[PDB]
Amino acid sequence: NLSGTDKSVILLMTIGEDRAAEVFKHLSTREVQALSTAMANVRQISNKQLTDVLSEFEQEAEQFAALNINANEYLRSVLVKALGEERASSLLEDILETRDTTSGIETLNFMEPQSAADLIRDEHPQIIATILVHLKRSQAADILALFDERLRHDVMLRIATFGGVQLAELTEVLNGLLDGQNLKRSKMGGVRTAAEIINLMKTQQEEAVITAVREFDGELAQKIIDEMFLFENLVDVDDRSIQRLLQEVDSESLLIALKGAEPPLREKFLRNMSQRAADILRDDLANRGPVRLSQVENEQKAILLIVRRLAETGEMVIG
Amino acid sequence: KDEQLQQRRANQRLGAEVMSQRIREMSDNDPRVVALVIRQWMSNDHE
């Protein structure tokens, strides 16, 4: 694959540091280091490839660049020269911060409302008020709902008080918030991943660690057990969903997993069978005894894997 | 075994060609030392 980002990357690794420095100063740290690694280790070089890269650069120069004067590269310096020639007020610099602020406001709208809230909860309530006013109404309502009641009411009250609509101080406020997400994204919290990791573990060790974390913190252990939970009760799992998964899942696999599963689980899973399938499954459960628990757990894990596959499809909310 | 002697003469010509191939390998080691190191890394990765 060669995306528009990747085409520019190939251009850079082909041309050299003379333009790479300008690209870096107009670029971001991870892509700078990506091109540095590309320079350190390169195996995408070919006699035709390099010429095609030059042709693609010529296309960008005649289209994306349109053979124009430096775009905000040397122009910003002449803009600063005009600013210096005019009153001693760096409005252009304030506009630069506003540009990042407006882009950050759009990013804030894109990114998760609760993460935005907890990144702004520590900040000033007036900061929260003005940023919520300047954000999209839908994103603002999402963050409002994700706020606690008292903080939310204070934010709306200070929104009502907010009339100063200030002017360059607002831009640097957003810049500080962006810098508090500018740091490496991380997001390795994996609130689901503990649960996911324990599910990936063996079932007996899963139960042992569940008991251990119940001793550690009933709250955290209960959250982990909830993350273990996958189609255990019909009302939360949704019958239509039990209907859709289990026709995709092999009937024999469901049977083997059910005869090792609890009778409530058997009943709630068979309630979404075609009646012939439910009767056949129950009759075979009566016929054959509990097969090896290893095979029963294998069928249960296959059921969970198909649940995860349909979660990947995203047509309905699993449990 | 005149044909075998001719084959031995061909083998001697092949040996001269092998020396030329070794000189070509030495030339690859000599010119574009960077490219030689890149090929070293590539052969190691293929290994």
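The preceding data block contains the structure.
So, here is what we can say about the structure in this document.

### Observations concerning the overall build of chain A
Helix and strand counts for chain A come out as 20 helices and zero strands. Along the first, second and third principal axes, the C-alpha atoms of chain A reach 95 × 65 × 40 Å.

### Here's the deal with the overall build of chain B
For chain B, the count of helices and strands is two helices and zero strands. Across its three principal axes, chain B shows a C-alpha extent of roughly 50 × 25 × 5 Å.

### Quick word on the packing of helix 17 (residues 251-259) of chain A against helix 20 (residues 293-313) of chain A
All names here are of chain A. Contact geometry for helix 17 and helix 20: axes closest at 8 Å, N-to-C directions at 125°. Our classification of the angle between helix 17 and helix 20 gives oblique. Between helix 17 and helix 20 the crossing geometry is left-handed. Here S253, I256 and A257 of helix 17 lie close against helix 20, whose contacting residues are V296, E299 and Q300. Taken together, the residues of the contact of helix 17 with helix 20 break down into three nonpolar, two polar and one charged.

### Considerations on unusual backbone geometry
Residue and element names in this part refer to chain A. The phi torsion at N72 lies on the positive side, around 65°, for a residue other than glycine. Examined against the element boundaries, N72 turns out to sit in the loop between helix 4 (47-62) and helix 5 (75-85). One non-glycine residue, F231, lies in positive phi territory at about 60°. Counting through the fold element by element, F231 comes out in the loop between helix 14 (218-228) and helix 15 (234-237).

### Considering the environment of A129(A)
All names here are of chain A. Its place among the elements puts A129 in helix 8 (residues 125-134). In the structure, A129 is positioned 106 residues away from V23 in sequence and 37 Å away in space, judged by C-alpha atoms. Beyond its immediate chain neighbours, meaning those up to four positions away, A129 contacts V155, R158 and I159.

About the thresholds
- Residues numbered from 1 in each chain as written, not as in the entry; some residues may be left out.
- Chains lettered and ligands numbered in written order.
- Part of a larger assembly, values for the part shown.
- Heavy atoms only, no water.
- Residues with missing side-chain atoms left out of burial classes, pairs and counts.
- Helix = DSSP H or I, 4+ residues; strand = E, 2+ residues; numbered from the N terminus.
- Axes fitted to C-alpha atoms, helices over the stretch in contact; angles between N-to-C directions.
- Parallel < 35°, antiparallel > 145°, perpendicular 65-115°, else oblique.
- Left-handed = near helix turned anticlockwise from the far one by under 90°.
- Contact = heavy atoms within 4.5 Å.
- Nonpolar A, V, L, I, M, F, W, Y, C, P; charged D, E, K, R; others polar.

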